[PDB]
Participant: 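Have a look at this one before I ask anything.
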Amino acid sequence: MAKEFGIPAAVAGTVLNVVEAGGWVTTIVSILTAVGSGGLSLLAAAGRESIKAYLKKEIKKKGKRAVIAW
């Protein structure tokens, strides 16, 4: 999230913590839209898939730490 979307670690970690805690899609969308272009780009990358499901799958694929870095 950091290297490929320019989302800072503190925001990225917050978002992934919400994902892992089973938080609401609305919360994730609000944080990502508020961080600006990087968050908008990440939402775009998810396509039509729920941003929650998309990040869940990225965490499964790469591990949480690597998703933050990404």
Side-chain angles (χ1 to χ4, degrees):
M1 291 168 71
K3 180 146 218 137
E4 299 317 324
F5 300 88
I7 303 167
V11 172
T14 300
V15 166
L16 299 189
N17 277 340
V18 171
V19 168
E20 287 184 334
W24 293 336
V25 161
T26 49
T27 297
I28 297 163
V29 165
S30 292
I31 296 167
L32 293 172
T33 49
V35 83
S37 63
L40 294 175
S41 292
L42 182 61
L43 294 165
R48 274 217 205 164
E49 185 175 25
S50 153
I51 179 61
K52 168 163 188 187
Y54 176 76
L55 295 171
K56 267 180 174 159
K57 195 176 195 168
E58 279 318 305
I59 289 172
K60 181 165 70 187
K61 286 196 294 162
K62 303 181 169 182
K64 183 204 251 186
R65 184 181 172 170
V67 180
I68 291 175
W70 171 83

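Counting from 1, the numbers follow the sequence of the chain as shown. Hydrogens, waters and symmetry mates are skipped; everything else that's a heavy atom, side chains included, is used.
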Participant: Any idea which heavy atoms bring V35 and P8 closest together, and the distance?
Facilitator: CG2-CD, 4.1 Å
Participant: For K52, enumerate each residue passing the side-chain contact (heavy atoms from CB on, under 4.5 Å) test, keeping only those at least two apart in sequence or located in another chain.
Facilitator: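 With sequence neighbours excluded, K52 shows a side-chain contact (heavy atoms from CB on, under 4.5 Å) to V25, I28, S50, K56, given in chain and number order.
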Participant: Let me confirm one number: the OG-CG distance from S37 to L32, rounded to the nearest 0.5 Å.
Facilitator: 11.5 Å
Participant: Looking only at non-hydrogen atoms, find the nearest pair between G13 and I68 and report the distance.
Facilitator: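 Heavy-atom minimum between the residues: CA-CD1, 4.0 Å.
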Participant: Using 0.5 Å steps for rounding, measure from the OG1 atom of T27 to the CD1 atom of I51.
Facilitator: 13.0 Å
Participant: Atom CG in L16, atom CD in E58: separation rounded to 0.5 Å?
Facilitator: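 CD of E58 is found 10.0 Å from CG of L16.
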Participant: Can you confirm whether more than 12 heavy atoms, excluding those of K57, are under 6.0 Å from its NZ atom?
Facilitator: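 It does not: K57 NZ has 12 such atoms or fewer within range.
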Participant: State the CD1-CG distance between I7 and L40, to the nearest 0.5 angstrom.
Facilitator: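 So the CD1 of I7 and the CG of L40 are separated by 9.5 Å.
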Participant: Show me the pairs that pass salt bridge (charged side-chain N to carboxylate O under 4.0 Å, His left out) and involve residues 23-39, at least two apart or across chains.
Facilitator: none
Participant: Would you say that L42 contacts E4 through its side chain, given a criterion of any heavy-atom pair below 4.5 Å between the two side chains?
Facilitator: no
Participant: In Å, rounded to the nearest 0.5 Å, how long is the span from CG of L55 to CD of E49?
Facilitator: 9.0 Å
Participant: Measure the CD1-OH distance between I59 and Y54 for me, rounded to the nearest 0.5 Å.
Facilitator: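 Those atoms lie 12.0 Å apart.
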